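Peer 1: Experimental coordinates for this protein are included below, preceded by the sequence.
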Amino acid sequence: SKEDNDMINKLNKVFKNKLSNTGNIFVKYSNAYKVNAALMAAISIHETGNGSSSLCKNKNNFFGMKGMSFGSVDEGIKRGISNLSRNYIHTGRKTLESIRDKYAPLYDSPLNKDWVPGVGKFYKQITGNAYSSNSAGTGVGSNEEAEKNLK
């Protein structure tokens, strides 16, 4: 909780625009889904131009999840962390390279070569530290397992 409050403050220091003051949402769902809150925050910043994208503003889509929209900021951030936990980090995608290979494959789109550097830059801007894949988290297999962790 002192650990959580410090991570919440570090997130909210970097978050701008529609990401502002959402540090507590990132930390809440990163804990329940057993993943790195600063990594979740770094991917959101990259995908949204730090909460400035129309996709982020109009569709509460904080993770560049193509052609999706969400009913609230909470649920949009939550859905993005759930997807990254269940379908990436829990399946064993721990490195920025192995996450990118699935998340933003190199030749699908020219912006995709900016993903590993972009996410890396923001992760170091949040924590003071270069991202280590040992930090990724275990992730969880299901929303049901995440819900059990919240209780």
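Peer 2: That came in fine, so what should we check first? Residues are numbered from 1 along each chain as shown.

Peer 1: what's the distance between the closest residue to residue 8 other than its chain neighbours and residue 151?
Peer 2: In space, residue 8 comes closest to residue 23 once its chain neighbours are excluded; the distance is 4.1 Å by C-beta to C-beta, 6 or more residues apart in numbering. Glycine gets a C-beta too; all of them are placed from N, C-alpha and C. Look at residue 23 and residue 151: by C-beta to C-beta, to the nearest Å, they are 22 Å apart.

Peer 1: which one of these two has more residues nearby?
Peer 2: Neighbour comparison, residue 23 and residue 151: the larger count goes to residue 23, with 23 against 5 (by other C-beta atoms under 10 Å).

Peer 1: And the helices in this structure, which stretches?
Peer 2: 2-14, 23-32, 37-48, 54-59, 73-84, 96-103, 115-127, 143-150 (DSSP state H).

Peer 1: I'd say residue 18 and residue 73 touch.
Peer 2: Yes - contact between residue 18 and residue 73 holds when scored by C-beta atoms under 8 Å: they sit 7.3 Å apart.

Peer 1: got the contact list for the closest residue to residue 69 other than its chain neighbours?
Peer 2: Computed as C-beta to C-beta, 6+ apart, the closest residue to residue 69 that is not its neighbour in sequence is residue 59, at 3.7 Å. Counting by C-beta atoms under 8 Å, 6 or more residues apart in numbering, residue 59 makes contact with 68, 69, 70, 76.

Peer 1: Most neighbours of all the residues you listed, which one?
Peer 2: residue 76 (24 neighbours).

Peer 1: show me the contacts for it.
Peer 2: Residue 76 makes contacts with 59, 60, 61, 62, 63, 70, as judged by C-beta under 8 Å, 6+ apart.

Peer 1: Also residue 96?
Peer 2: Here residue 96 is in contact with 115, 116, 119, 120, 131, 133 (C-beta under 8 Å, 6+ apart).

Peer 1: ok, the first one to residue 128 distance?
Peer 2: Just to be clear, that refers to residue 115. 22 Å.

Peer 1: quick one, which of the two is more surrounded?
Peer 2: Shown here are residue 115 and residue 128; by other C-beta under 10 Å, residue 115 has more neighbours (23 against 7).
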